[PDB]
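Novice: Starting off with a structure, shown below.
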Amino acid sequence: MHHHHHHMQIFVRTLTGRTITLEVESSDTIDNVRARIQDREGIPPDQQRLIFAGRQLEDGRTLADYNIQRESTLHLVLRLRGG
Amino acid sequence: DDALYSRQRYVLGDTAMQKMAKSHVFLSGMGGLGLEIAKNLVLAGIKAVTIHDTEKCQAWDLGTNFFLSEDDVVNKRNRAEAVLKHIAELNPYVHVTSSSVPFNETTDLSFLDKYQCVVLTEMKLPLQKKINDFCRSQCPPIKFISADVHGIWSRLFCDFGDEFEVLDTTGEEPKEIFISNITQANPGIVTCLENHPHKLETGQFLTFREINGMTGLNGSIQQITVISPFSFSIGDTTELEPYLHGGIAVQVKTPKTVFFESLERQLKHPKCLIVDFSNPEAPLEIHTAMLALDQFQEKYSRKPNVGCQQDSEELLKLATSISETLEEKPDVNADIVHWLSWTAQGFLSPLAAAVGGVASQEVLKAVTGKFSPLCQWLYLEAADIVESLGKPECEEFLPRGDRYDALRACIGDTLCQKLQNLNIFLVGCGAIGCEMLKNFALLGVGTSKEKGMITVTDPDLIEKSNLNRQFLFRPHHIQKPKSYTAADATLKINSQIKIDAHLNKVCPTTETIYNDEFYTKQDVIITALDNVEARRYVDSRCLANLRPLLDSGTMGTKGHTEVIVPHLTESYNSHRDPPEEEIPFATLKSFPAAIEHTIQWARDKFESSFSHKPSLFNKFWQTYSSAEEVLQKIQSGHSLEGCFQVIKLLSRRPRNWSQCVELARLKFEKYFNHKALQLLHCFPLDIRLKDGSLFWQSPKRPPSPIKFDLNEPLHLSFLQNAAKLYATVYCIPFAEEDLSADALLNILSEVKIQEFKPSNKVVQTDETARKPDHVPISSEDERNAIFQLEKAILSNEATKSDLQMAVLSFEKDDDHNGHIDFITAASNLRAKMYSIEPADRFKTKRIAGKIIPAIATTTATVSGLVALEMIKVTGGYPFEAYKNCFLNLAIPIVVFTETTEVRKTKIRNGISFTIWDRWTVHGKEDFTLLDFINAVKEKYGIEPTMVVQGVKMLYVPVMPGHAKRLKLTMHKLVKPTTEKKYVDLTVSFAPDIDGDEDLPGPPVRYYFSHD
Ligand SMILES: O=P(O)(O)O[C@H]1[C@H](OP(=O)(O)O)[C@@H](OP(=O)(O)O)[C@H](OP(=O)(O)O)[C@@H](OP(=O)(O)O)[C@H]1OP(=O)(O)O
Ligand SMILES: *O=P([O])([O])O[C][C]1O[C](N2[C]=NC3=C2N=[C]N=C3[N])[C]([O])[C]1[O]
């Protein structure tokens, strides 16, 4: 049977000491989370790499598919170009 | 300070560098890890390092020490004294001293108060605690760092004393926010500009400036509370004047205090940096196991022996007892304990490389107060290298008397020999590339007599400012190739290494050299590049040839590693990096708001004046020969591209040094006076729009004209460098006495300044303008060009010497050419015109030159991590063993993570494919297109609906008459000659829902015969 809706607050941290607090639903897709981050940061979805609990989050899946819960922390990471 | 320190000055800042020029570091233990640390600190420019060691050289040490030679071993030299001269050479500004005095629990530690930081490796734990207690209780505390690698495990510890001041906690520059409205309330609510979230967090402090109306907030400090992405509350503004417009808010960075506990206390209640959040409990489990090893060494005066069941049972028993004394009562991890007992006597050089990078950055934090230090433990480990081995027998790990004993005791002889047999392709040979070659040498890569080869390529010669992060290059190597020099140095580290050094860049124009057969011969490709384009290109080549690729990169304290493995992962190009920042055309040309806008404008003006326009001038007269011919073609109605701009340059050509100064003076008047007056003519300071708002609303800033004054050093600097650059372009000789402020004032003394005359030229205000394309030539302009062309022909001012100009090339690293001085003066004059804060020469150079901050500490760290992943590639490890890493040592923060899972693209009927799939059909001489269609369906499950060869449409059933092609042979259909063996085809299939676009499949390689 259909479940009760489970709203949650999650944190997206950069590797520069910043924290983005997001109001999400557990049924949100990872695609939708990238869209919300674009609204907050101006970063296009195809530049966002999101890490949760040592795994890279991919499109087509939901927060619940990745067992992301209340107060979970995600990391927004980037590749650097120097060498 | 120096051009040797340029790239890293942008990481640390002048204040931190100066403290490093006054710091004395004491480093004890000169095994592999102490050497890595000493190499990093000396490269980073610590003023004085003492390297201490009490041990003699030993054959085993050749496996982990990249400066030791076999002659050192036969003479049994002290380990610190043997490497002293090699370390000193890393930069002659550093004082490197050796010490070999005994160092035990009866040693008077008073001699240590000469040092600001103490770094201890390979030291017994009881003595570490005694030194730690001494250090932390000095009147100013001596900062204390302890670091060790045992087999595949490591332990890093910092104790900077009870209260340590961090002056900059993040390494990030304060952001600026434009204000849109402020309410009169308690608390007052600030709203920032539309479409620009402030990106601030509750609790941060801001200062304010340029607010119009609400007097009392300018010059104040406010602590904010975030309300929405666009608004935050400040203090009480109820009593203040109403807000009108404008205003800029700037983050204030507050120093923070960090508290450290003693080593003794931290052993019982450890604070650990969590580097893999899939296993947040692992660092405490490692802490336990590694404390058990210290207790084993104390109890038995030796490390456990590999394969000795009693030793590992005892280590487990010690680990179990320690776990009971910890607060959480954490279960003992029997796998960690087993592999620690197994490998304790070995030493993993790439792990020491990575730990040594992190530990060296911690030393820099200890003597500078720049960046927040580790607090207090880091447990980098290489367990993913051995888990796939299962539980092997110990025969494969026993020493054999060669330099690889240290490594073999970590990973086993089978994997060592696979490393020795590797063919690897190292693309780029700068900072990362030099660290990689040294890491390859310690691992034995490509040393097998039979197989094995390191191919390294780089198009560049060695320059000054490279000796900072590239430890294989010396000043006497200037003008020598990077790849040749690094290859020769690596052979000194390991004489068995087989290296093939090239002078090429890897790009489309060298694809005939590095062709598919070349990649097919490699086992792994490793990039050491400084740009995104090269990375995406190399990635496309590895993907096309089913070869793994290990990429890495740094920027300052930031770094990454990425693992790309055929059939297991996505490739580099599955993700997009941040593009170069695009300053909008209108912002750059008419409405700057930041110093970055005026610097880019000055860089572009240099390019326009001294490179682009001279070369257009040259190519024009080369194409059209002489001035008489152009004059005849203009009067006969012809139009030549760029002709009117060329004639303008021809007519205004300066003839002597005096006219070069006059031209430079004229450009000052145009750029920094007339431009301001023209914008104010189009948009008066008080002009308003239809919505009643001011046109000069944030981020727009009104210009104000500048009056030329040779007594202003900024004005003199512009005039000097503009005049000497124009003299260079127009081939006018000049002496350095012609540059004096006295000589210049005389040349301009009787030179009239043309009064400003406005125009009704249209200036674009759209933030999405992007150039006005090309304005059509007017009838007046053509008439003026003919007048100037005749005037030049009549006065013999169109000879061969007049039809050419010298083209300059922007060179940021030569201070005598005036390029940077021109850019800095022009940028700061434009900034002053717009009331923007100017920037000094070093900041202007960084931004104009696109210089990427770099420091050897990060570079050594990511290179060590890449070498660990390369061991996994060599062994054909499963997907879960691999790790990408994303890190920033400023925080510090290290995020290991599984790499990108390969994605499946669905064709139809459950048939999917990945980026790695390639399909094959083997035909014969009479094999028809119908045979090809049936062969794909039988072998792969679905019938093609389209067959394409590049752009040739071989079979498209919806095109009229293509059914006749089914009966044609594949020979007559394709017509092959270049590749006699096969042809690569693009095959598509019928979609699930009729009428949609056909679905593409894997590339299909068709072989014409059976060979
Ligand atoms: O070629 P650019 O680097 O884009 O500079 C041009 C150039 O200025 P300078 O050549 O003196 O550096 C034009 O002058 P001409 O050489 O064509 O005579 C000038 O045109 P005006 O003098 O008629 O104003 C124009 O300015 P604008 O487009 O505002 O009319 C200005 O453009 P920028 O300095 O903005 O690049
Ligand atoms: O980061 P460093 O500047 O110390 O070294 C970068 C290194 O990479 C080389 N490089 C850039 N682009 C390349 C390339 N090598 C091979 N192919 C391509 N496309 C550059 O010369 C630097 O020395």
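Following the order of the structure tokens, chains are lettered A, B, ..., residues in each are numbered from 1, and ligands are numbered from 1.
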Could you pull out the residues in segment 515-599 of chain B that DSSP calls strand (DSSP E or B) from the backbone, as JSON, numbers by chain?
Specialist: {"B": [524, 525, 526, 527, 549, 550, 551, 552, 553, 554, 555, 558, 559, 560, 561, 562, 563, 564, 569]}
Novice: Write the residues you've just listed into a file as a compact mmCIF listing (two decimals), in the first residue's frame, and include N, CA and C atoms for each of them.
Specialist:
# COMPACT_ATOMS: atom_id res chain seq x y z
N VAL B 524 48.28 0.52 -19.49
CA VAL B 524 47.56 1.58 -18.81
C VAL B 524 48.11 2.92 -19.28
N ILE B 525 47.23 3.91 -19.36
CA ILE B 525 47.61 5.27 -19.71
C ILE B 525 47.41 6.14 -18.48
N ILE B 526 48.37 7.01 -18.21
CA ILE B 526 48.34 7.86 -17.03
C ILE B 526 48.59 9.29 -17.49
N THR B 527 47.69 10.20 -17.12
CA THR B 527 47.79 11.59 -17.55
C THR B 527 48.38 12.44 -16.45
N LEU B 549 42.62 4.24 -17.98
CA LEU B 549 43.22 5.56 -17.86
C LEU B 549 43.13 6.03 -16.42
N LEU B 550 44.25 6.49 -15.87
CA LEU B 550 44.29 7.08 -14.53
C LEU B 550 44.59 8.57 -14.68
N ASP B 551 43.63 9.40 -14.28
CA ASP B 551 43.77 10.85 -14.35
C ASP B 551 43.90 11.43 -12.94
N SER B 552 44.54 12.59 -12.86
CA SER B 552 44.65 13.32 -11.61
C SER B 552 44.85 14.79 -11.93
N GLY B 553 44.75 15.61 -10.90
CA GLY B 553 44.91 17.04 -11.06
C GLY B 553 44.93 17.74 -9.72
N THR B 554 45.50 18.94 -9.72
CA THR B 554 45.54 19.77 -8.53
C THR B 554 45.19 21.20 -8.88
N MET B 555 44.78 21.95 -7.86
CA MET B 555 44.77 23.41 -7.91
C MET B 555 44.98 23.88 -6.48
N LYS B 558 43.82 21.76 -3.52
CA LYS B 558 42.75 20.90 -4.02
C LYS B 558 43.31 19.86 -4.98
N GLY B 559 42.73 18.66 -4.96
CA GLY B 559 43.20 17.60 -5.82
C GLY B 559 42.14 16.55 -6.06
N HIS B 560 42.34 15.78 -7.13
CA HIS B 560 41.45 14.67 -7.46
C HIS B 560 42.24 13.56 -8.12
N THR B 561 41.67 12.35 -8.08
CA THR B 561 42.09 11.21 -8.87
C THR B 561 40.84 10.55 -9.43
N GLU B 562 40.93 10.03 -10.66
CA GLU B 562 39.79 9.37 -11.29
C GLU B 562 40.25 8.11 -12.01
N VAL B 563 39.54 7.01 -11.78
CA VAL B 563 39.90 5.69 -12.30
C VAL B 563 38.93 5.32 -13.42
N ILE B 564 39.47 4.99 -14.59
CA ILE B 564 38.69 4.63 -15.77
C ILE B 564 39.16 3.25 -16.22
N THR B 569 33.76 0.98 -15.70
CA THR B 569 33.45 2.36 -15.35
C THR B 569 32.94 3.12 -16.56
Novice: Counting only C-alpha atoms, which residues from chain B have an atom at most 6 Å from any atom of chain A, and could you show them as a short mmCIF file (atom, residue, chain, number, x, y, z; two decimals) with N, CA and C atoms, in the first residue's frame?
Specialist:
data_model
loop_
_atom_site.label_atom_id
_atom_site.label_comp_id
_atom_site.auth_asym_id
_atom_site.auth_seq_id
_atom_site.Cartn_x
_atom_site.Cartn_y
_atom_site.Cartn_z
N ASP B 276 36.60 7.73 4.21
CA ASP B 276 35.72 6.87 3.42
C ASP B 276 34.43 6.68 4.22
N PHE B 277 33.39 7.42 3.85
CA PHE B 277 32.15 7.34 4.61
C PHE B 277 31.33 6.08 4.31
N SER B 278 31.79 5.16 3.46
CA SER B 278 31.16 3.85 3.45
C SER B 278 31.56 3.03 4.67
N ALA B 431 54.92 18.59 -13.01
CA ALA B 431 54.98 18.31 -11.57
C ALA B 431 54.45 16.91 -11.26
N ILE B 432 53.20 16.63 -11.65
CA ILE B 432 52.65 15.29 -11.46
C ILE B 432 53.50 14.26 -12.18
N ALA B 528 49.23 13.39 -16.85
CA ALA B 528 49.84 14.36 -15.97
C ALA B 528 49.77 15.71 -16.69
N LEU B 529 48.55 16.20 -16.89
CA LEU B 529 48.27 17.31 -17.78
C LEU B 529 47.82 18.55 -17.02
N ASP B 530 47.87 19.70 -17.70
CA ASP B 530 47.49 20.97 -17.09
C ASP B 530 46.30 21.63 -17.78
N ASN B 531 45.47 20.87 -18.49
CA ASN B 531 44.30 21.45 -19.14
C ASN B 531 43.25 20.38 -19.40
N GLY B 553 44.75 15.61 -10.90
CA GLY B 553 44.91 17.04 -11.06
C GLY B 553 44.93 17.74 -9.72
N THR B 554 45.50 18.94 -9.72
CA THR B 554 45.54 19.77 -8.53
C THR B 554 45.19 21.20 -8.88
N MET B 555 44.78 21.95 -7.86
CA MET B 555 44.77 23.41 -7.91
C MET B 555 44.98 23.88 -6.48
N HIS B 560 42.34 15.78 -7.13
CA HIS B 560 41.45 14.67 -7.46
C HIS B 560 42.24 13.56 -8.12
N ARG B 576 31.27 16.62 -17.17
CA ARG B 576 31.74 17.90 -17.68
C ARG B 576 32.37 18.71 -16.54
N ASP B 577 33.50 19.34 -16.84
CA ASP B 577 34.17 20.22 -15.89
C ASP B 577 33.62 21.64 -16.01
N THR B 897 35.86 7.40 -2.72
CA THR B 897 34.55 7.00 -3.21
C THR B 897 34.76 5.99 -4.32
N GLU B 898 33.80 5.08 -4.46
CA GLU B 898 33.83 4.20 -5.62
C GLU B 898 33.75 5.06 -6.88
#
Novice: With only C-alpha atoms and all ligand atoms as the atoms that count, which of B:63, B:126, B:459, B:446 lies nearest to ligand 2?
Specialist: B:459
Novice: Using only C-alpha atoms and all ligand atoms, find each residue of chain B with at least one atom at most 10 Å away from an atom of ligand 1; report its shortest atom-to-atom pair and that distance in Å (one decimal), sort the rows by chain and rising residue number, and return the result as JSON lines.
Specialist:
{"residue": "B:585", "atom": "CA", "partner": "ligand 1", "partner_atom_place_in_ligand_line": "35 (O)", "distance": 9.8}
{"residue": "B:586", "atom": "CA", "partner": "ligand 1", "partner_atom_place_in_ligand_line": "35 (O)", "distance": 9.5}
{"residue": "B:588", "atom": "CA", "partner": "ligand 1", "partner_atom_place_in_ligand_line": "35 (O)", "distance": 8.4}
{"residue": "B:589", "atom": "CA", "partner": "ligand 1", "partner_atom_place_in_ligand_line": "35 (O)", "distance": 5.1}
{"residue": "B:590", "atom": "CA", "partner": "ligand 1", "partner_atom_place_in_ligand_line": "35 (O)", "distance": 7.2}
{"residue": "B:601", "atom": "CA", "partner": "ligand 1", "partner_atom_place_in_ligand_line": "36 (O)", "distance": 7.8}
{"residue": "B:602", "atom": "CA", "partner": "ligand 1", "partner_atom_place_in_ligand_line": "34 (O)", "distance": 9.4}
{"residue": "B:604", "atom": "CA", "partner": "ligand 1", "partner_atom_place_in_ligand_line": "3 (O)", "distance": 6.9}
{"residue": "B:605", "atom": "CA", "partner": "ligand 1", "partner_atom_place_in_ligand_line": "3 (O)", "distance": 5.0}
{"residue": "B:606", "atom": "CA", "partner": "ligand 1", "partner_atom_place_in_ligand_line": "3 (O)", "distance": 7.9}
{"residue": "B:607", "atom": "CA", "partner": "ligand 1", "partner_atom_place_in_ligand_line": "3 (O)", "distance": 7.8}
{"residue": "B:608", "atom": "CA", "partner": "ligand 1", "partner_atom_place_in_ligand_line": "3 (O)", "distance": 4.7}
{"residue": "B:609", "atom": "CA", "partner": "ligand 1", "partner_atom_place_in_ligand_line": "3 (O)", "distance": 6.3}
{"residue": "B:610", "atom": "CA", "partner": "ligand 1", "partner_atom_place_in_ligand_line": "3 (O)", "distance": 9.7}
{"residue": "B:612", "atom": "CA", "partner": "ligand 1", "partner_atom_place_in_ligand_line": "1 (O)", "distance": 9.0}
{"residue": "B:613", "atom": "CA", "partner": "ligand 1", "partner_atom_place_in_ligand_line": "1 (O)", "distance": 7.8}
{"residue": "B:644", "atom": "CA", "partner": "ligand 1", "partner_atom_place_in_ligand_line": "17 (O)", "distance": 9.4}
{"residue": "B:645", "atom": "CA", "partner": "ligand 1", "partner_atom_place_in_ligand_line": "17 (O)", "distance": 6.8}
{"residue": "B:646", "atom": "CA", "partner": "ligand 1", "partner_atom_place_in_ligand_line": "16 (O)", "distance": 9.7}
{"residue": "B:648", "atom": "CA", "partner": "ligand 1", "partner_atom_place_in_ligand_line": "18 (O)", "distance": 7.3}
{"residue": "B:649", "atom": "CA", "partner": "ligand 1", "partner_atom_place_in_ligand_line": "16 (O)", "distance": 7.8}
{"residue": "B:652", "atom": "CA", "partner": "ligand 1", "partner_atom_place_in_ligand_line": "16 (O)", "distance": 10.0}
{"residue": "B:663", "atom": "CA", "partner": "ligand 1", "partner_atom_place_in_ligand_line": "11 (O)", "distance": 9.4}
{"residue": "B:664", "atom": "CA", "partner": "ligand 1", "partner_atom_place_in_ligand_line": "11 (O)", "distance": 9.8}
{"residue": "B:666", "atom": "CA", "partner": "ligand 1", "partner_atom_place_in_ligand_line": "11 (O)", "distance": 8.3}
{"residue": "B:667", "atom": "CA", "partner": "ligand 1", "partner_atom_place_in_ligand_line": "11 (O)", "distance": 5.9}
{"residue": "B:668", "atom": "CA", "partner": "ligand 1", "partner_atom_place_in_ligand_line": "11 (O)", "distance": 9.2}
{"residue": "B:669", "atom": "CA", "partner": "ligand 1", "partner_atom_place_in_ligand_line": "11 (O)", "distance": 9.6}
{"residue": "B:670", "atom": "CA", "partner": "ligand 1", "partner_atom_place_in_ligand_line": "11 (O)", "distance": 6.7}
{"residue": "B:671", "atom": "CA", "partner": "ligand 1", "partner_atom_place_in_ligand_line": "34 (O)", "distance": 6.8}
{"residue": "B:674", "atom": "CA", "partner": "ligand 1", "partner_atom_place_in_ligand_line": "24 (O)", "distance": 8.4}
{"residue": "B:675", "atom": "CA", "partner": "ligand 1", "partner_atom_place_in_ligand_line": "29 (O)", "distance": 7.1}
{"residue": "B:678", "atom": "CA", "partner": "ligand 1", "partner_atom_place_in_ligand_line": "29 (O)", "distance": 8.2}
{"residue": "B:679", "atom": "CA", "partner": "ligand 1", "partner_atom_place_in_ligand_line": "29 (O)", "distance": 8.8}
{"residue": "B:758", "atom": "CA", "partner": "ligand 1", "partner_atom_place_in_ligand_line": "24 (O)", "distance": 9.2}
{"residue": "B:759", "atom": "CA", "partner": "ligand 1", "partner_atom_place_in_ligand_line": "24 (O)", "distance": 8.5}
{"residue": "B:761", "atom": "CA", "partner": "ligand 1", "partner_atom_place_in_ligand_line": "30 (O)", "distance": 7.0}
{"residue": "B:762", "atom": "CA", "partner": "ligand 1", "partner_atom_place_in_ligand_line": "29 (O)", "distance": 8.8}
{"residue": "B:763", "atom": "CA", "partner": "ligand 1", "partner_atom_place_in_ligand_line": "29 (O)", "distance": 7.4}
{"residue": "B:772", "atom": "CA", "partner": "ligand 1", "partner_atom_place_in_ligand_line": "28 (O)", "distance": 9.9}
Novice: Have a look at atom CA of residue 918 of chain B and atom CA of residue 573 of chain B and let me know their distance in Å, one decimal.
Specialist: 18.2 Å
Novice: If you run DSSP over the backbone, which residues in chain A end up alpha helix (DSSP H)? Put them as a VMD selection string.
Specialist: chain A and resid 30 to 41
Novice: Restrict the calculation to only C-alpha atoms and all ligand atoms, then for each residue of chain B with any atom at most 8 Å from an atom of ligand 2 give the closest atom pair and their distance in Å to one decimal, rows by chain and rising residue number, as CSV.
Specialist:
residue,atom,partner,partner_atom_place_in_ligand_line,distance
B:427,CA,ligand 2,16 (C),5.1
B:428,CA,ligand 2,15 (N),3.8
B:429,CA,ligand 2,23 (O),5.2
B:430,CA,ligand 2,5 (O),3.2
B:431,CA,ligand 2,4 (O),3.6
B:432,CA,ligand 2,4 (O),6.2
B:433,CA,ligand 2,5 (O),6.9
B:457,CA,ligand 2,16 (C),5.9
B:458,CA,ligand 2,15 (N),4.3
B:459,CA,ligand 2,21 (O),5.3
B:460,CA,ligand 2,21 (O),4.7
B:461,CA,ligand 2,21 (O),7.9
B:466,CA,ligand 2,4 (O),6.6
B:469,CA,ligand 2,4 (O),6.6
B:470,CA,ligand 2,4 (O),6.4
B:482,CA,ligand 2,23 (O),6.9
B:504,CA,ligand 2,16 (C),6.3
B:505,CA,ligand 2,17 (N),3.4
B:506,CA,ligand 2,17 (N),3.9
B:507,CA,ligand 2,19 (N),5.4
B:528,CA,ligand 2,8 (O),5.9
B:529,CA,ligand 2,8 (O),4.1
B:530,CA,ligand 2,6 (C),4.6
B:531,CA,ligand 2,12 (N),6.5
B:533,CA,ligand 2,19 (N),7.8
B:534,CA,ligand 2,19 (N),4.6
B:535,CA,ligand 2,19 (N),7.8
B:854,CA,ligand 2,1 (O),7.9
Novice: I'd like the contact shell of residue 827 of chain B - 8 Å cut-off, only C-alpha atoms, skipping same-chain residues fewer than 3 positions apart - returned as a PDB file with N, CA, C and O atoms, in the first residue's frame.
Specialist:
ATOM      1  N   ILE B 595      37.790  43.837 -10.423  1.00  0.00           N
ATOM      2  CA  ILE B 595      39.140  44.012 -10.950  1.00  0.00           C
ATOM      3  C   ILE B 595      39.430  42.972 -12.029  1.00  0.00           C
ATOM      4  O   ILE B 595      40.238  43.214 -12.935  1.00  0.00           O
ATOM      5  N   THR B 598      38.598  44.582 -15.474  1.00  0.00           N
ATOM      6  CA  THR B 598      39.582  45.500 -16.034  1.00  0.00           C
ATOM      7  C   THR B 598      40.880  44.796 -16.400  1.00  0.00           C
ATOM      8  O   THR B 598      41.590  45.253 -17.302  1.00  0.00           O
ATOM      9  N   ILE B 599      41.200  43.685 -15.734  1.00  0.00           N
ATOM     10  CA  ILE B 599      42.408  42.948 -16.089  1.00  0.00           C
ATOM     11  C   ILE B 599      42.222  42.252 -17.429  1.00  0.00           C
ATOM     12  O   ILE B 599      43.090  42.322 -18.307  1.00  0.00           O
ATOM     13  N   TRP B 601      40.199  43.215 -19.726  1.00  0.00           N
ATOM     14  CA  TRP B 601      40.167  44.294 -20.707  1.00  0.00           C
ATOM     15  C   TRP B 601      41.578  44.722 -21.078  1.00  0.00           C
ATOM     16  O   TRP B 601      41.869  44.984 -22.250  1.00  0.00           O
ATOM     17  N   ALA B 602      42.467  44.809 -20.086  1.00  0.00           N
ATOM     18  CA  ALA B 602      43.847  45.197 -20.358  1.00  0.00           C
ATOM     19  C   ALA B 602      44.588  44.106 -21.123  1.00  0.00           C
ATOM     20  O   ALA B 602      45.378  44.402 -22.027  1.00  0.00           O
ATOM     21  N   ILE B 823      49.932  45.825 -18.846  1.00  0.00           N
ATOM     22  CA  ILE B 823      48.624  45.310 -18.454  1.00  0.00           C
ATOM     23  C   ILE B 823      48.231  45.829 -17.076  1.00  0.00           C
ATOM     24  O   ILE B 823      47.091  46.262 -16.861  1.00  0.00           O
ATOM     25  N   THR B 824      49.172  45.811 -16.130  1.00  0.00           N
ATOM     26  CA  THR B 824      48.877  46.262 -14.773  1.00  0.00           C
ATOM     27  C   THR B 824      48.516  47.740 -14.749  1.00  0.00           C
ATOM     28  O   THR B 824      47.562  48.143 -14.072  1.00  0.00           O
ATOM     29  N   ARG B 830      42.019  51.853 -15.652  1.00  0.00           N
ATOM     30  CA  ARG B 830      40.607  51.627 -15.934  1.00  0.00           C
ATOM     31  C   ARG B 830      39.822  51.390 -14.648  1.00  0.00           C
ATOM     32  O   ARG B 830      38.701  51.892 -14.498  1.00  0.00           O
ATOM     33  N   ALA B 831      40.403  50.645 -13.701  1.00  0.00           N
ATOM     34  CA  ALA B 831      39.742  50.431 -12.416  1.00  0.00           C
ATOM     35  C   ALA B 831      39.526  51.745 -11.679  1.00  0.00           C
ATOM     36  O   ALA B 831      38.446  51.981 -11.125  1.00  0.00           O
ATOM     37  N   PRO B 838      42.151  48.757  -7.190  1.00  0.00           N
ATOM     38  CA  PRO B 838      43.225  48.249  -8.052  1.00  0.00           C
ATOM     39  C   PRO B 838      43.862  47.001  -7.454  1.00  0.00           C
ATOM     40  O   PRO B 838      43.612  46.620  -6.309  1.00  0.00           O
TER      41      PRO B 838
END
Novice: Using only C-alpha atoms, which protein or nucleic acid residues come within 9 Å of residue 651 of chain B? Drop anything in the same chain fewer than 2 positions from it, and give the result as a VMD selection string.
Specialist: chain B and resid 646 to 649 653 to 654 788 to 789 791 to 792 797 to 798
Novice: Suppose we keep N, CA, C and O atoms; can you now write the selection as an mmCIF file, in the first residue's frame?
Specialist:
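Okay, this is what ended up in result-v9.cif:
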data_model
loop_
_atom_site.group_PDB
_atom_site.id
_atom_site.type_symbol
_atom_site.label_atom_id
_atom_site.label_comp_id
_atom_site.auth_asym_id
_atom_site.auth_seq_id
_atom_site.Cartn_x
_atom_site.Cartn_y
_atom_site.Cartn_z
ATOM 1 N N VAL B 646 43.379 49.054 -41.885
ATOM 2 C CA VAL B 646 44.787 49.050 -42.270
ATOM 3 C C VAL B 646 45.240 50.453 -42.652
ATOM 4 O O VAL B 646 46.300 50.921 -42.216
ATOM 5 N N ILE B 647 44.444 51.146 -43.474
ATOM 6 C CA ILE B 647 44.830 52.475 -43.942
ATOM 7 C C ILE B 647 44.946 53.444 -42.773
ATOM 8 O O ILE B 647 45.830 54.309 -42.750
ATOM 9 N N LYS B 648 44.062 53.313 -41.783
ATOM 10 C CA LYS B 648 44.172 54.128 -40.578
ATOM 11 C C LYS B 648 45.523 53.916 -39.903
ATOM 12 O O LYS B 648 46.213 54.881 -39.553
ATOM 13 N N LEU B 649 45.923 52.653 -39.724
ATOM 14 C CA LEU B 649 47.223 52.365 -39.122
ATOM 15 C C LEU B 649 48.363 52.911 -39.975
ATOM 16 O O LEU B 649 49.349 53.435 -39.442
ATOM 17 N N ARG B 653 51.220 56.081 -38.664
ATOM 18 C CA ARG B 653 52.449 55.373 -38.309
ATOM 19 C C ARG B 653 53.477 56.323 -37.700
ATOM 20 O O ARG B 653 53.886 57.289 -38.363
ATOM 21 N N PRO B 654 53.935 56.079 -36.471
ATOM 22 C CA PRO B 654 54.954 56.950 -35.871
ATOM 23 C C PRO B 654 56.313 56.769 -36.533
ATOM 24 O O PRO B 654 56.743 55.647 -36.811
ATOM 25 N N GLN B 788 43.333 59.507 -47.050
ATOM 26 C CA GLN B 788 44.537 59.131 -46.318
ATOM 27 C C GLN B 788 45.478 58.324 -47.202
ATOM 28 O O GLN B 788 46.702 58.479 -47.119
ATOM 29 N N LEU B 789 44.923 57.467 -48.064
ATOM 30 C CA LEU B 789 45.755 56.679 -48.967
ATOM 31 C C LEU B 789 46.519 57.568 -49.940
ATOM 32 O O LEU B 789 47.714 57.357 -50.173
ATOM 33 N N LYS B 791 47.244 60.777 -49.426
ATOM 34 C CA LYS B 791 48.179 61.586 -48.649
ATOM 35 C C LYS B 791 49.442 60.803 -48.310
ATOM 36 O O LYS B 791 50.532 61.382 -48.240
ATOM 37 N N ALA B 792 49.318 59.489 -48.095
ATOM 38 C CA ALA B 792 50.491 58.656 -47.845
ATOM 39 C C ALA B 792 51.305 58.412 -49.115
ATOM 40 O O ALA B 792 52.534 58.301 -49.048
ATOM 41 N N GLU B 797 55.032 57.980 -47.967
ATOM 42 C CA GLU B 797 54.903 57.321 -46.674
ATOM 43 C C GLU B 797 54.243 55.950 -46.801
ATOM 44 O O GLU B 797 53.600 55.469 -45.864
ATOM 45 N N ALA B 798 54.399 55.313 -47.961
ATOM 46 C CA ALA B 798 53.865 53.983 -48.234
ATOM 47 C C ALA B 798 54.918 53.101 -48.893
ATOM 48 O O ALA B 798 54.622 52.333 -49.813
#
Novice: Just how far from atom CA of residue 657 of chain B is atom CA of residue 727 of chain B, in Å to one decimal?
Specialist: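 One can read the atom CA of residue 727 of chain B to atom CA of residue 657 of chain B distance as 6.8 Å.
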